């Protein structure tokens, strides 16, 4: 697991966090709110090993053996592999890097549930390296009645970091604008996009209670609405989260808000 980098949990806004964000000056700077997707944590890794490299996939708790069946994600490996190679090439070219020890594209694996009679369940079957196959129609990432996104499996990117040396302490996290710029150039990559942008308080004013997930319509299902299909919530973050000048204040610059309807499930 030496190549694995755990992603994070995200807190609801506490009194001490909010006070510190104001006192530090960070609250007055630029923040975004993006959709919080209810799937399972996923990471796509590209690891440099000198003149060769390897693609690996992680769940919440670590990089997986290639024959671990995990919600049918093998159906997306060819896509992920093409995507992560493109992202690495973009980063190397733009940043003048001969080598990137470790590139980590974190996001949410989601979908494979959409209970509308005009939306057939997936007919797709994944295949593992050992030849075993599993139906996407049998995948149940989450049991909750909302949010529901799509009958197919998808990946929602929400962070990109790279370590030139490969060492954990040398990771550089893309800021929001750079994250969007690069992600927008990776073909067919779905990624977190700002629902609102402004001060911390402007983002905190986002109406999560009535926020219907926009993903079904983005994924072809605009004509097949599900009643009460609220998004889980939002993640709010400083647009330069990870930058040393932000991090020097020693205050976390990521928080979440959830809708009450979701919390009650």
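Positions refer to the first chain, counted from 1.
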{"property": "95 to 103 versus 82 to 90 - greater average Cα B-factor per the deposited record", "result": "95 to 103"}
{"property": "Segment of higher mean CA temperature factor, 64 to 72 or 38 to 46", "result": "64 to 72"}
{"property": "Of the residues 77, 172, 194, 153, the one carrying the largest Cα B-factor as recorded", "result": "172"}
{"property": "Highest recorded Cα temperature factor - choice among 205, 235, 215, 231", "result": "205"}
{"property": "Chain-wide C-alpha B factor ranking for residue 240, given as lowest, middle or highest third", "result": "middle"}
{"property": "Residue 136 by Cα B-factor - lowest, middle or highest third of the modelled chain", "result": "lowest"}
{"property": "Third assignment of residue 144 from its chain's C-alpha B-factors", "result": "highest"}
{"property": "Third of the chain's Cα B-factor distribution that residue 58 belongs to, per the entry", "result": "lowest"}
{"property": "Residue 221 CA temperature factor, ranked by third within the chain", "result": "lowest"}
